[PDB]
Amino acid sequence: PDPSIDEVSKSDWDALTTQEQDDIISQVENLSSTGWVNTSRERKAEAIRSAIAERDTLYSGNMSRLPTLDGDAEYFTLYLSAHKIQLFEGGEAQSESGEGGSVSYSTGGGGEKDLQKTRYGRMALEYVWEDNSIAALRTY
Amino acid sequence: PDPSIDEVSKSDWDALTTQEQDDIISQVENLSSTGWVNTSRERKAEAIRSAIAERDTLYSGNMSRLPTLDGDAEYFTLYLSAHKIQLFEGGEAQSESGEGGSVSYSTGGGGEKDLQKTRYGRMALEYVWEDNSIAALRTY
Amino acid sequence: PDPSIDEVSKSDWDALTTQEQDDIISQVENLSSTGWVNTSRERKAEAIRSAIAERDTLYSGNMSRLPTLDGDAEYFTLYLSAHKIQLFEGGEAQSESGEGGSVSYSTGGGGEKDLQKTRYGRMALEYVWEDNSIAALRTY
Amino acid sequence: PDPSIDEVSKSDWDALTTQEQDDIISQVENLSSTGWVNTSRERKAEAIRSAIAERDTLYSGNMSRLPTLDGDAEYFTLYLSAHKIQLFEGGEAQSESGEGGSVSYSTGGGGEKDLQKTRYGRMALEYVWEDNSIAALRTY
Amino acid sequence: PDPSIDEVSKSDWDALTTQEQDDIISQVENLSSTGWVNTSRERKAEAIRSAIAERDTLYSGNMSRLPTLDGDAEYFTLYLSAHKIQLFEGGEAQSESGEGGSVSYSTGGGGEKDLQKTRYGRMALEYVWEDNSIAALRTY
Amino acid sequence: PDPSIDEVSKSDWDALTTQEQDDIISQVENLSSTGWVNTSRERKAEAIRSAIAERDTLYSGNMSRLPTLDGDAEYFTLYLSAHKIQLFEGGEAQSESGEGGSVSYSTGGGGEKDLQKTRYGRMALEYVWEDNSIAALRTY
Amino acid sequence: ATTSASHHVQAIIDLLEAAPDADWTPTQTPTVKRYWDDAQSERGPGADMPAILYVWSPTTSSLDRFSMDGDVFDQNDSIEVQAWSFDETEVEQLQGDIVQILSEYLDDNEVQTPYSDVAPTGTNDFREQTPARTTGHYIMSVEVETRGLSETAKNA
Amino acid sequence: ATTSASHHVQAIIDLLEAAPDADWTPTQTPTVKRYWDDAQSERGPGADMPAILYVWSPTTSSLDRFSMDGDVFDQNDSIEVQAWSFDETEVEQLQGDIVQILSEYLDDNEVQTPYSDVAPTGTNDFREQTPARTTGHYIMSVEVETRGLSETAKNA
């Protein structure tokens, strides 16, 4: 995309053309083999706008001089978007069956927090010190 | 929209036009691919009105001089609204079955508290310090 | 591939010819007997682009005078790509069933972090000290 | 094989003729009763090249001035190849069932370590001190 | 068996006549009522060649002046060969079923390591001190 | 039999006539209600020859000046042979089912070591201090 | 003409896709898919999107001998078309639409279709399966069969 | 002539293997196997290999009395052939092909085959069963019946 997803905040996202916004949505749809094709544009756009705001609020700032978002903010925002899109449909698909055909996806309980509950969340979690409290400060 | 969900209190919501309420409802309805379309307007309006009131009462004020609502108040109030609609529908589906076929959503047991019991609650929970009590105060 | 996957950064990956990029996809696709043939080219391209980005931004630098990546950076990036593609397809099948007959794949529960959760991730994990914090440093 | 699998590094493997490379592949195919006959040449070759590169990088160097690889490097690289080839198809099959009838393979399952996940891995693991950390050093 | 399995190393095995290899194979094939007959000759030869090499590398030398291979080296190498063939056939059957009827072999989970994973391994394990570290040494 | 099974070692066993050897095999077959009739002569002979060698290596000698084989060596060697013949076929059958008719055999988990895994092993185990130590020495 | 499809599932997809935007009862023309085009956790439409029809062959096709010559098979095929929507009136209208769409071609001579007969043979309602407490898809279906003379290799 | 095998499964394997490369529709000739040639987790092709056909006898063959001579049995024999591939169109081409290939021989007076009749009698689609997330095998099948007179050695 012309603006990459890490360049733009919530206020910037609302200013985008349909084409810029569609190119970013297309980039997110690459993260799933089904591309979430039955879920409408508005919902994917809302998930991205949420992921952008949530990055800028919960995952900006620092722990020591180090940024709290250590990895590539592009892929962090894409995974956080894909995580939210999945959670707009339902949980993780642990088990799927229809017309006798059946599959189960080895998920496990995984813990308790939102990012732990889906594969895109568990990828996003490595970018942000896995939500650990490594912040350190002193008297001067 | 013209207003936003973070720019109104319970008293203001009741004074919004139908259109302004409906646009906020239309924003909340983006948080599920299913849109909760078979649950009526009044239930979605009530879930939002309650989410606004519950933010302003239970999830407001300061904790060690920080805001308790540090996350984006817009998306927080949306997630709290979507959470409330989902509990108005009886909660998270663990499993579903029919002539469409069958699916399971990987939840496990999780925590005891309302925000731990649904995915929208677990998303809202990160905007409010995961309900932790880091508040602190001194003699003067 | 003539430019190897470890000889290229995200900036180089976007700058490769179609054929050079395709030769690297053609290499990654060797890591599964199923070849991920029913997931598109662009999805496999995005997976590799993201894997290169995480190598460069999360699995780079030093842990004492050691590198944080100890194994072959080619096969590490291949495993990281294969791991991403499998999560784009929903993860490991613990079980599959149909008129072809049925199978179960001995996964158990395993770990909680994304590399622990999938076979390509578990292969990559040995390349990166199993994600342990073995770095040491002195005052100067 | 005339050039044994321990007489070659990654640079050598890419320089081998089709025949020389196929003699090693032919030896690897003895390690399974099925011979992995539905999986193509290129995927077996990629697995062996990976096993060679992995041996030379992750399983090289001394440990307490003993070698980090104690067992025969031929059979280690063979079992490491067989281990990787299995993981290119899936896990160990815990259970298999055809048109009628069934069998289950008593695997039980080890931890998050890939070498615990398959039969060839669990053999290769004895060659490399069971991944134990008996390395030792002193001041002079 | 004019020569025999503990009277040869890997280099000697390659130098034996076809008949002497096949005689040692014929002796190993006695260790199952099923003889592993639907696994080909070459795979049984390979399992023996590997068992010979793995004895001489991993299960040789002394511990507190005791031999590490205390048990009869003939039967040890046979059990190690039978173990290797059984892992080439995919492991221990926990359960079998068909129009012949159904049977279950009482295995439980057992240990994590290869020699614990099959009955032939569990026999070989007693010949080599159950893999315990009895070794001891003094200063002079 | 003319030579009882406790009188003869591995070297003596090979010197036996067919009649002496058949009489010993016949004595072992008395330990099973089926007599293992579907399993061939050579396999039963190999199991006995193994049991003799394993007695003479692992279960000869002394601890605290007591013999390590305390019980009747005849019945110990018979049980050790029956244990091996059983393991040449498979485990204990915990469960069997035929033409609808079905039975299960109260085995339980039973531990880990090969003699613990089968009924003939659990009979043999009492003869040899149950693989416990009572070993003692002093300075002189 | 309207299909020339190589297999019955694609033939019925083509017939449903060849329907004019005027011949559906709803405002929006439905989307037609193979049953295997979508995974289970995302099967059926999202809100604010047109309703979905899933097509597949649920039971054995038969190849009866037509005659003593062996020159052709009397092939008989079966298909189910399921309609998924959140709207209970919309699935009812779609079921009626599928019936009165696939009742064209009822007695072709391989003119439009490659068949002698494409017929709705039955209809299922599954609305009673949808739990009322949650939002969720209603499902209804048309079972449709197909018959034609299918050429053999015997006489080259 | 072309098969002469003692049993129907090998006979249909021999018929499918005898088929010219020009008479398969895909780019490359499929591989023919007994169902029990492969282990389950390995069943079906890998990528960059041609599609695979699995042949077996799924049900009881009848031995009917032909006459009160007792000289011969009216043998009626059942086979299924499954096509496995990752391509949803390739399995359909293979179904089409298997029906054409096995519709030669349709009334041998034991000319090529050791039978009076080898006929496809039905076909199945199982493409609906493959999940949409994972790459994995589509499966389709042909059901085949075979008939002939089989000698009793009652009179010898």
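The letters A, B, C, D, E, F, G and H name the chains in turn, as written, and every chain counts its residues from 1.
As a convention for this text, contacts are C-beta pairs under 8 Å (C-beta built on N, C-alpha and C of every residue); 3 or more make two chains touch, one makes a residue touch a chain.
Participant: Which of these pairs, C-H, D-H or A-H, matches A-G in more than half of the residue pairs in contact?
Facilitator: Interface equivalent to A-G: D-H.
Participant: Any chance you could check whether A-H or C-H wins on number of contacting C-beta pairs?
Facilitator: Most C-beta pairs in contact, of the two: C-H.
Participant: On a C-alpha centroid basis, what's the spacing between chain B and chain E, in Å?
Facilitator: 62
Participant: Averaging only over C-alpha atoms, locate the centres of chain A and chain C and give their separation in whole Å.
Facilitator: 19
Participant: Two or more other chains in contact with one residue: find those residues in chain D.
Facilitator: Residues 38-40, 42-43, 89-90, 92-93, 95-99, 105, 107, 111 of chain D each touch two or more of the other chains.
Participant: Please list all residues of chain G that touch 2 or more other chains.
Facilitator: Counting only residues that touch two or more other chains, chain G contributes 35, 38-44, 46-48, 56, 58.
Participant: Got a list of which chains touch which?
Facilitator: A-B, A-C, A-G, A-H, B-G, C-D, C-H, D-E, D-H, E-F, G-H
Participant: Can you check the complex and tell me which residues of chain A touch chain H?
Facilitator: 33-34, 93, 96, 98-101, 103
Participant: Quick one: in the complex, what on chain F touches chain E?
Facilitator: Listed in rising order, the residues of chain F that touch chain E are 10, 36, 38-40, 42-43, 45-46, 50, 53-54, 56-58, 84, 87-99, 105, 107, 109-110, 112-114, 117.
Participant: Once bound in the complex, which stretches of chain A touch chain C?
Facilitator: 27, 30-33, 70-72, 74-75, 78, 93, 100-111, 116, 119-120, 122-123, 125-127, 130
Participant: Which stretch or stretches of chain G touch chain A in the complex?
Facilitator: It is residues 35, 38-49, 52, 56, 58 of chain G that touch chain A.
Participant: Report the residues of chain H in contact with chain G in the complex, numbered from low to high.
Facilitator: 88, 92-93, 95-96, 99-101, 103-107, 119-125, 127-133, 138, 143
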